Amino acid sequence: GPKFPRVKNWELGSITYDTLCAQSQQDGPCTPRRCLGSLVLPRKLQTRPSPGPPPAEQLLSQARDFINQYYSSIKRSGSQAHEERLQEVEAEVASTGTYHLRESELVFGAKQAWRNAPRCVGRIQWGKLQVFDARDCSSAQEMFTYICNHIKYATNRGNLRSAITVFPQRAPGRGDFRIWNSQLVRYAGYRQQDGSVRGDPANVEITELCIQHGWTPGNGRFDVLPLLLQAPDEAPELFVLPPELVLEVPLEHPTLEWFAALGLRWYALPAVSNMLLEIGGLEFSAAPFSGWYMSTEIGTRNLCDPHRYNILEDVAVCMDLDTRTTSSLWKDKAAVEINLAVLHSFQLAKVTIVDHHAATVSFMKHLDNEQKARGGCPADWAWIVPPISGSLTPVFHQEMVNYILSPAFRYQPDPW
Amino acid sequence: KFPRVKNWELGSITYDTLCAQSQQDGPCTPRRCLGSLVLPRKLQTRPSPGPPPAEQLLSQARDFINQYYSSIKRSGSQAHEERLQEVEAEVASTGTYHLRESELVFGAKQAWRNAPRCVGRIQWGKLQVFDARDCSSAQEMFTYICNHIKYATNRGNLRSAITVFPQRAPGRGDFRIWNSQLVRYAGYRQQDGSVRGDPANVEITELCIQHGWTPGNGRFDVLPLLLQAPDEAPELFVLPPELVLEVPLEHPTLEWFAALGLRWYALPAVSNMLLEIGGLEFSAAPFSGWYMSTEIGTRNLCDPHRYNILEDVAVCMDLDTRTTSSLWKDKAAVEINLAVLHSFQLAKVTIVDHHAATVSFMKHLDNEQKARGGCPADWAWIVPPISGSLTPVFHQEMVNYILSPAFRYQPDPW
Ligand code: HEM
Ligand code: HEM
Ligand SMILES: NC(=[NH2+])NCCC[C@H](N)C(=O)O
Ligand SMILES: NC(=[NH2+])NCCC[C@H](N)C(=O)O
Ligand SMILES: [Zn+2]
C-alpha cells in the first residue's frame with residue numbers, strides 16, 4: 001500500500017502511515033544492516049564546537065527551510081512577505097555569514113523544537129510554551145537574572161508553567177553563551193574517601209567543577225548546586241540560587257508513616273540547561289527549558305537507578321521484604337511505594353506533577369492529533385514507555401517511528 | 001563502523017564487531033528508525049513455488065557449512081572440503097540440498113543464539129534437537145509433537161526442545177502447524193463482540209471449529225492442533241489432557257486470589273515461526289523452553305487486548321480505581337506476577353522471574369562479547385513489561401541485527 005512506514009497499535013489493532021518522516025533532512029544512527037535505536041548518545045546530532053563559520057551554502061538552505069516552515073504555519077506560503085523574508089535572510093547571510101530571527105520566528109521555532117523532540121512524552125502541551133527572549137543578554141551576571149526570572153515564572157508557587165529562555169545564538173569566531181550545569185536545579189554529588197558518593201552520583205563532575213571555581217561545598221545528600229554561567233570568551237562565573245526561588249518537596253508516603261523519616265526530597269522544577277536549540281541553522285547554545293515532572297522520573301529513575309540515589313534496598317528493608325531473593329519481587333514492591341510517595345508528596349504540597357498513566361494517555365491523544373496535523377509524530381519508544389509498569393500503559397502497545405526534524409534540541413559537548 | 005555500546009549503570013563500554021557478519025537487512029534506515037515494529041513490512045518470507053537462485057542458495061549454504069566445521073574445530077579439514085563439494089553437487093543437480101543431523105543440531109542452537117528478542121539465550125547451548133524430517137503425514141506430525149511435549153514438560157522440570165519437520169520444497173506446499181503455540185487457550189467471540197477466553201486466539205479458535213472441533217465455553221479451554229501436510233487441508237488433533245500440564249494460580253497471602261479461577265499452561269512453545277539454516281527453510285519447527293513469570297502475569301493476563309484482569313484484581317484488593325495516580329494498576333500487576341511465581345514454584349514447574357532472567361542475560365552478553373565480539377539484542381523485547389529500569393538490561397545499550405541461522409516470522413497458512 002502506501003510507501004511510508006506502516007505503524008500499528010496492537011491494543012486497538014489500528015493502523016497509520018507516517019508520512020512526516022519524509023520531511024526529515026537529518027540522518028539518525030541506524031542502517032539497514034543494524035539498528036542503533038537504543039543508544040542514548042549516538043554520534044549523530046552531536047553539535048560539535050564548529051569554530052569556522054558554517055558553510056554559507058549549508059546554512060542558507062537550512063534557513064530557507066525554516067522560513068518556509070514559518071510562513072506555512074501562518075498560512076502565507078508563497079506570499080510577498082514570505083519571498084521578501086527569504087531574500088532578507090540570504091542577503092544578511094551574504095554580507096555577514098549568519099542571520100537573525102524575528103521575535104515571532106523564535107517563538108514558533110522554540111515550540112517546534114519541543115514539538116519535534118522524540119523523547120518527550122509531554123508534547124501534548126507543546127503549544128503552550130512561554131518563550132522568554134533573552135537574545136540581548138550580554139553578561140554572565142545578566143544570565144543569572146534571566147535564569148532567576150525563568151525559575152520564578154515557571155515555578156509559579158507550585159502551579160508550574162512551561163517555559164524556555166533563549167540566550168544569544170552562536171557567532172562566528174566568538175565564544176558561546178553556556179550553562180555548564182546539566183539542569184538549572186541539581187543536587188550535589190560528593191565523592192567520598194572510600195570511593196562512594198554522597199548525594200547524586202550523576203552530578204559528581206559538575207560538583208567538582210563548582211568547587212574548582214570557588215564554591216564552598218556542603219556535605220548533604222540534597223544540596224542545591226550553584227550555577228556556572230559563561231558569557232562569550234570569559235571563564236564561567238559562579239552564582240548561588242536564592243533558596244526562596246528553589247521550591248522543593250519533602251517526600252512522605254500516604255500510609256507508610258516511616259517513609260517521611262527517610263528525609264528524601266526532590267525539587268519541583270525540571271529545567272534541562274545543557275541542550276542546544278537549533279533553528280534554521282542558527283544555534284542557540286544556551287536555552288534552558290522547563291516543564292513539570294512525570295512521577296517516574298523522580299520515583300523510579302532518580303531515586304532507584306543503580307547509579308543514582310539507589311534507595312531501593314533501604315525502602316525494601318523498611319517494608320520488611322525478602323531482599324535475599326529475586327522471586328519475592330521486593331524491588332517491584334518498593335519501587336511502587338516510592339513512586340506513590342512522590343505522587344503523594346507533590347499533590348499534598350500542591351506542586352504540579354503527572355503520573356505515568358495520565359502522562360502516556362495524554363501522549364496517545366497527542367499522537368492522534370499529530371497524525372491529523374502532520375501525518376505522523378517522531379517518537380523514541382524506549383524513552384516514551386515508563387521505567388515501571390511499561391505494558392500497563394497504552395504507549396507500550398503503540399509502534400513508533402523515530403527520526404530527526406528541525407527545529408530541534410540536540411545534545412552538545414560540555415564546554416570544559 | 002563498529003558501534004560503541006555503553007552500559008550506563010557501570011560506565012563500561014564495548015564495540016560490536018559481530019554486527020559486521022550480518023548479511024540480512026532490517027527495517028531501519030538513516031532517515032528513520034523502525035526498530036519498535038513487531039512484524040517486518042517486507043522482510044517477510046515469500047513463497048517457495050520456484051527454486052531460489054543457485055548462487056544465492058549456494059553461498060548461504062557454503063557459509064553455514066563453514067560455520068559448522070569451524071564450530072567443531074576442523075576447518076580446511078578433508079571432511080570440510082568434501083562436505084562443501086557434496087553441497088555444491090547437490091545444489092547444481094537438484095536446486096537444493098539437505099543437512100546432516102549434526103549440522104541441523106548445530107544450526108538450531110545457533111538460530112536460538114542469534115534470536116535478538118530472546119532473553120533466555122544463556123541456555124542456548126542446552127537444546128534438545130528432535131530430527132523429524134522423516135515425517136510424511138499430519139498424523140505423524142501429531143505423534144512427533146506429542147513426544148516433544150512429553151520430553152519438554154518432564155513432569156514440571158522443563159527442558160528446552162525443538163522439533164524440526166521437513167524443510168520447504170520448490171513448488172510443493174509447506175508442512176505447517178497452524179497454531180501459533182502448541183498449547184493455547186481458545187478465544188470465543190460472544191454476542192456483544194466481547195470475547196470469552198484468550199482474545200489473541202479468536203481466529204485460530206474459529207478455524208478449528210470450522211474444521212469440526214466441538215468448542216467449549218470456558219476461559220482456559222486448551223485448543224486442539226491443526227496440523228497440515230503438504231498441499232492437504234489441515235487435520236484436527238486433540239492433545240491428551242495428561243500431556244498438557246497446567247498451573248492453577250493462587251496468591252501467597254491473598255486467600256481470595258485463587259477464587260478467580262485463573263490458570264496457565266507450563267509449556268511455552270512457539271510453533272508458527274520459520275527456521276532458516278544455510279538457505280534451507282523449515283516451515284514447521286516448534287520450539288520451547290520455560291516461561292519467564294512476566295510473560296504470564298504481565299502480558300498474557302494484564303494486556304488490554306488479552307485477559308485484561310487488572311481491574312478485577314484491583315477491586316478484590318479494594319484499590320482506589322478512581323484515579324490513575326493511586327497506582328492501583330501497578331499494585332495489582334505486582335501481585336498477579338507474584339501469584340504466577342508462587343504458583344509455579346508451588347507446583348514445582350520451571351519458571352524464572354524477570355530479575356533472575358535479565359541478570360542471566362547480562363552474563364550472556366559478556367559470554368558472547370568474548371566469544372563472538374557482540375550479541376544482537378532488541379532492547380524493547382529484552383526489557384521486561386514491568387519494572388524495566390529496575391532490571392540491569394534496561395541500562396545496557398544494545399545493537400540489533402540479523403544473523404543466520406535464524407528464526408523468522410512467516411505468513412499464516414490460510
Ligand atoms: C510539560 C511537561 C513535560 C513533561 C511531562 C515532559 C516529560 C518528559 C520526560 C518523561 C522526559 C524523558 C525523561 C528521561 O528519561 O530522562 C522528557 C524528555 C525531553 N523533554 Fe519533555 N516534558 C515536559 C516539558 C518539556 C519542555 C517544556 C520541553 C522543551 C521546551 C521538553 C523537551 C524535552 C526533551 C528535548 C527531552 C529529551 C531530553 C534528553 O534527551 O535527555 N520537555 N520530557
Ligand atoms: C529456556 C528458557 C527460555 C526463556 C525463559 C525465554 C524467554 C523469552 C522471552 C521473555 C521472550 C520474549 C517473549 C515475548 O515477549 O513474546 C522470548 C522470545 C524468543 N525466544 Fe526465548 N526463551 C527461552 C527459550 C527459547 C528457546 C529454546 C528458543 C528457541 C529454540 C527461543 C526462541 C525465542 C525466539 C525466536 C523469540 C522471539 C519470538 C518472537 O519473535 O515472537 N527461546 N524468549
Ligand atoms: N519533566 C521533564 N521536563 N523532564 C525533563 C528531564 C528531567 C530528568 N529526567 C530529571 O529527572 O531531572
Ligand atoms: N519463554 C519463551 N520461550 N517464550 C516464547 C513466547 C511465549 C509468549 N511470550 C507467551 O506469553 O506465551
Ligand atoms: Zn533502528
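Numbering starts at 1 and runs along the chain as displayed.
Placement of Cβ uses the backbone N, Cα and C atoms for every residue, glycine included.
Feature annotations, reproduced from Swiss-Prot:
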- A:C30, A:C35: Zn(2+) binding site (BINDING)
- A:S50: phosphoserine (MOD_RES)
- A:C120, A:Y411: heme b binding site (BINDING)
- A:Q183, A:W292, A:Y293, A:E297, A:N302: L-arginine binding site (BINDING)
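Shown here: features listed in Swiss-Prot, placed on the structure.
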residue : record                  : DSSP (3 states)
A:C30   : Zn(2+) binding site     : coil
A:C35   : Zn(2+) binding site     : strand
A:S50   : phosphoserine           : coil
A:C120  : heme b binding site     : coil
A:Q183  : L-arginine binding site : strand
A:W292  : L-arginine binding site : coil
A:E297  : L-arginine binding site : helix
A:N302  : L-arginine binding site : helix
A:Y411  : heme b binding site     : coil
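Excluding A:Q183, A:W292, A:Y293, A:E297, A:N302, which define the L-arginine site, the same chain contributes A:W266, A:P270, A:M294, A:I298 within 8 Å (Cβ to the Cβ centroid), listed in sequence order. With the residue listed as 'phosphoserine' as the anchor, the candidate binding-site residues are A:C30, A:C120, A:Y293, A:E297, A:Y411, and the one with the nearest CA is A:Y411. When the binding-site residues A:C35, A:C120, A:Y411 are compared by Cα distance to A:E297 (L-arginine binding site), the shortest distance belongs to A:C120.
Scoring each of the binding-site residues (A:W292, A:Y293, A:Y411) by how many neighbouring Cβ atoms lie within 10 Å, the top position goes to A:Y293. A separation of roughly 21 Å, to the nearest angstrom, links the Cα atoms of A:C35 (Zn(2+) binding site) and A:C120 (heme b binding site).
For ligand 3, the recorded positions lying close by, meaning a CB under 6 A from one of its atoms, are A:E297; the full candidate list was A:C30, A:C35, A:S50, A:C120, A:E297, A:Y411.
Here the Cα atom of A:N302 (L-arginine binding site) is found 20 Å from that of A:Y411 (heme b binding site). A sphere of 10 angstroms centred on the C-beta of A:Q183 (L-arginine binding site) encloses 20 other C-beta atoms. A:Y411 (heme b binding site) sits 13 Å from A:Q183 (L-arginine binding site), taking the Cα positions as reference. The Cβ of A:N302 (L-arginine binding site) has 18 other Cβ atoms within 10 Å, all protein chains considered. Comparing the binding-site residues A:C35, A:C120 by how many other C-beta atoms lie within 10 angstroms of each C-beta, the top residue is A:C35.
Cβ neighbour count for A:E297 (L-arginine binding site) (all protein chains, 10 Å cutoff from its Cβ): 18.
Listed recorded positions A:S50, A:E297, A:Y411 compared with chain B at a CB cut-off under 8 A give none as close ones.
Cβ neighbour counts within 10 Å, taken over all protein chains shown, single out A:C30 as the most crowded of the recorded positions A:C30, A:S50. Between the C-alpha atoms of A:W292 (L-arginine binding site) and A:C30 (Zn(2+) binding site), the distance comes to 32 Å.
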